[PDB]
There are 2 protein chains.
Amino acid sequence: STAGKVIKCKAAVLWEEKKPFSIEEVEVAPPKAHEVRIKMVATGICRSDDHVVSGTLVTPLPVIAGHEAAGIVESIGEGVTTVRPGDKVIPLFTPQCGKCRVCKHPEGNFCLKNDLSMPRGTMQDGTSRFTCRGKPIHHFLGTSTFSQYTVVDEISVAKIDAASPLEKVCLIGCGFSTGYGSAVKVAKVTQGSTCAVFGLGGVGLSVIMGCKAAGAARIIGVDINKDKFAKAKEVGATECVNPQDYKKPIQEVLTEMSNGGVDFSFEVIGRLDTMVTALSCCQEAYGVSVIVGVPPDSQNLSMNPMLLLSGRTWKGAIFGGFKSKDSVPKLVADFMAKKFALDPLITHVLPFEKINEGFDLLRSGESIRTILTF
Amino acid sequence: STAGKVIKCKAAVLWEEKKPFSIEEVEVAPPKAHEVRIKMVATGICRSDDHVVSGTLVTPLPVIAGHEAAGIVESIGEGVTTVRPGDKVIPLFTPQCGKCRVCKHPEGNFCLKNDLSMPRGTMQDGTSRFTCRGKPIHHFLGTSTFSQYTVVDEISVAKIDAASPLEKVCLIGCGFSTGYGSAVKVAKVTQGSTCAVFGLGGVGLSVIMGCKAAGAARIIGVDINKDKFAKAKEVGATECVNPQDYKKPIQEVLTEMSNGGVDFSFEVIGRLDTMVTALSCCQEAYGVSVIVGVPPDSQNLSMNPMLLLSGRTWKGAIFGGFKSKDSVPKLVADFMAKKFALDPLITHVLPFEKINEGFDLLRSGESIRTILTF
Ligand SMILES: c1cnc2c(c1)ccc1cccnc12
Ligand SMILES: c1cnc2c(c1)ccc1cccnc12
Ligand SMILES: [Zn+2]
Ligand SMILES: [Zn+2]
Ligand SMILES: [Zn+2]
Ligand SMILES: [Zn+2]
């Protein structure tokens, strides 16, 4: 009885940069062909959502942001074959069209239909399904999860276990999948290995979890905030190191600790200096360093390529290297089959309308993950 | 007959940097425990030998350089189990001790016993087997091939097919294996793939031969010297590009030519600008870019880490990523089996005593590869 009609609901609109989100009444158009309308149940607050606020992630405004979420299908446009009204679903901020050279590639996952490279802030057909008092509002990464209802292209949604707790599995829409995949899928951490993780927020913890799932012998957490350590240890970290405690450069400390360099290093914080450090502390002949985080923005790092000529590998990925529509449901199935825990990452839960408070907790560092409930 | 005794012979001694090599009468001590004295039959002139001349590659002087060679064992010290007097051998500038964390690693080849990282210019025991007028002369990379006779540690030598033409296979000691391995072993070039090779001197052509051995559909040669193109095409290149013919940046041209980026790219000339270019032109989601050459010395490159966050892999290696003692014999086996040709690389052949002439040909760029014959 809302199918095929406009829905009136609340969303969190960013009218301008460096402003709070504004709770507005919006009109959400019904789904056109190959589009899916979703009732949001929960959405996480991610660093990249805050980058939209600070102009760091350039995307058209005004916008409904949000990209880490889970909800329930309310209706499907014509042609949709992969989800039905009633299904529990996760929006995919990286799509899997299944047709482009990337989706066809055994390794690649950055589907060329993404809206991240050159953001249009629209549906795939170049239009928006959102208005706020007749004014068009842009989409974000084809997801736009800071709304009671959103419409997504079918390539940007996956059906998940009908019995999953959406307030938890929403993490699989970004933060968890991104860290966990980095270890398990991008670095392909091996049993017995020594790992180093730079950044112990939610994505870092997710990397640690992946390293533990992979059977790593040592997982060295690195952060200047020592209050992040207990939780890191709790999810699998063997040791934690605070660089401010040391007189000598941190890769030197990590090289000594690992008897000549770690097997896998991960930079989660998104900082140009720790990126080079992280490459450097991995073992010169067969070390792997993986980039996870976006920097505060643009600007080159400076780096000596002899770090690579000995044998090091340097790489990065989006969404932990996972092909989005194939992987998300199995990640959920694994969580349901108890192969990993999500509770440790969730430190704050708030009603959707206290969104701005949620961003305050992110910006101050007090939160690991805030989930907003609808 | 000379076994257990000092041999008087000639060598090319570099007494000082930026000097020409000096043909001197030297004394070559007999091999101690686990050492092997070799009569040299051929040695190539490699770019890294010239880096020793310019003070670019810092190693103790005075020195006997040379590291790409083949010859015959004239005697063995006690313990030597892997070669016998009379065996055709290739010295291994990257050793394979078989015992360190690296030789144990199924991907590493940069054996920790190497003398490249922190050059001592000695045998493994911290001594020299070379004197000139009683004065000690340093070794180089445990190989010192610019001598009628050398002594090397057993870890730095490999027995090869007794019917090998040593004037040809000597290229397996560095230049060929380095390029070819970069394609075959380091990048793991795949069938149907599109490859770009920056620099078409000898090591670049060896990359091209590797890409073709791996079954690439497209091999794009890139050099500012168009005179290098015919040989490039002759060993497997499908097209050649000279950046100076173009008005736009060469990675744009290569991205457009490859419909959105190459699968595998290789920087073979060792320049910082081409490194970034090479990386950039590879496909953003699953592209792999391999660094083969040593910069003109230090200088950091400047690079935007967003190039990696989309999914790019950036890596380097020494000696084409080959475990040296295991691999050198099989490469000769394959050459003997006619699985690849070495003649297209051999552009000049000179007697050992014209060493300086050979370096002039290298430095001017008239040579692909000069082989010196004893
Ligand atoms: C779009 C959305 N979220 C992300 C990115 C891009 C890139 C990096 C990243 C790292 C951690 C958490 N989320 C993101
Ligand atoms: C020792 C000897 N030869 C080399 C190196 C080190 C490093 C790089 C390289 C690249 C091309 C050819 N030779 C070498
Ligand atoms: Zn796709
Ligand atoms: Zn995110
Ligand atoms: Zn070793
Ligand atoms: Zn060499």
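Below, chains carry the letters A, B, ... as their sequence lines are ordered, and counting in each starts from 1. Side-chain atoms are counted along with the backbone in the values below, which use heavy atoms only and exclude waters and symmetry mates.
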Tell me, side chain or backbone of [X] under 4.5 Å from chain A's heavy atoms, or both, or neither?
X: B/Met275; result: side chain
X: B/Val292; result: backbone
X: B/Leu307; result: neither
X: B/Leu272; result: side chain

Give every donor-acceptor pair between chain A and chain B closer than 3.5 Å, one pair per line, or write none.
| from | atom 1 | to | atom 2 | distance (Å) |
| --- | --- | --- | --- | --- |
| A/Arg101 | NH1 | B/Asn259 | O | 3.4 |
| A/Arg101 | NH2 | B/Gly260 | O | 3.2 |
| A/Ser258 | O | B/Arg101 | NH1 | 2.9 |
| A/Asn259 | O | B/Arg101 | NH1 | 2.9 |
| A/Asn259 | O | B/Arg101 | NH2 | 3.0 |
| A/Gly261 | O | B/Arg101 | NH2 | 3.0 |
| A/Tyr286 | OH | B/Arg101 | NE | 2.9 |
| A/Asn300 | ND2 | B/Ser302 | OG | 2.9 |
| A/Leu301 | N | B/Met303 | O | 2.9 |
| A/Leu301 | O | B/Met303 | N | 3.1 |
| A/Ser302 | OG | B/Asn300 | ND2 | 2.8 |
| A/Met303 | N | B/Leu301 | O | 3.0 |
| A/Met303 | O | B/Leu301 | N | 2.8 |
| A/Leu308 | O | B/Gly316 | N | 3.1 |
| A/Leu309 | O | B/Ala317 | N | 3.3 |
| A/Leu309 | O | B/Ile318 | N | 3.3 |
| A/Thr313 | OG1 | B/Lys315 | NZ | 3.3 |
| A/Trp314 | N | B/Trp314 | O | 2.7 |
| A/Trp314 | O | B/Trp314 | N | 2.8 |
| A/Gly316 | N | B/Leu308 | O | 3.1 |
| A/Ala317 | N | B/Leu309 | O | 3.3 |
| A/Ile318 | N | B/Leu309 | O | 3.3 |

_Neighbour count >12 (heavy atoms, 6.0 Å) for atom CE, A/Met257_ =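 Enclosed.
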
*asked:* Would you say that B/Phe319 contacts B/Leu116 through its side chain, given a criterion of any heavy-atom pair below 4.5 Å between the two side chains?
replied: no

_Can you confirm whether A/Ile318 sits close enough to A/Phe93 that some side-chain heavy atom of one is under 4.5 Å from a side-chain heavy atom of the other?_
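Yes, their side chains come closer than 4.5 Å.
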
*Checking side chain to side chain contact (heavy atoms under 4.5 Å, CB included) for the pair A/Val294/A/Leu57: CA distance, chi angles, key distance, verdict?*
CA-CA 9 Å; A/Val294 184; A/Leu57 211 184; over 6 Å; no

[X] versus [Y], closest heavy-atom pair with distance:
X: A/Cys211; Y: A/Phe266; result: SG-CE1, 3.8 Å
X: A/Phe322; Y: A/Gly181; result: CE1-CA, 3.3 Å
X: B/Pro243; Y: B/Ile224; result: CD-CG2, 4.0 Å

*Listed by chain and number, what are the side-chain contact (heavy atoms from CB on, under 4.5 Å) partners of A/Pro296, not counting sequence neighbours?*
none

*Option that, when pairs with chain A are counted at under 4.5 Å, heavy atom only, ranks first among B/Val290, B/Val102, B/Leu112*: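 Winner by heavy-atom pair count: B/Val102.
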
*Can you measure from CD1 (A/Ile155) to SG (A/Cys103) and round to the nearest 0.5 angstrom?*
7.5 Å

_Option in A/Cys111, A/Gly261, A/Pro106 with maximal non-hydrogen atom pairs under 4.5 Å from chain B_ =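 Winner by heavy-atom pair count: A/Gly261.
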
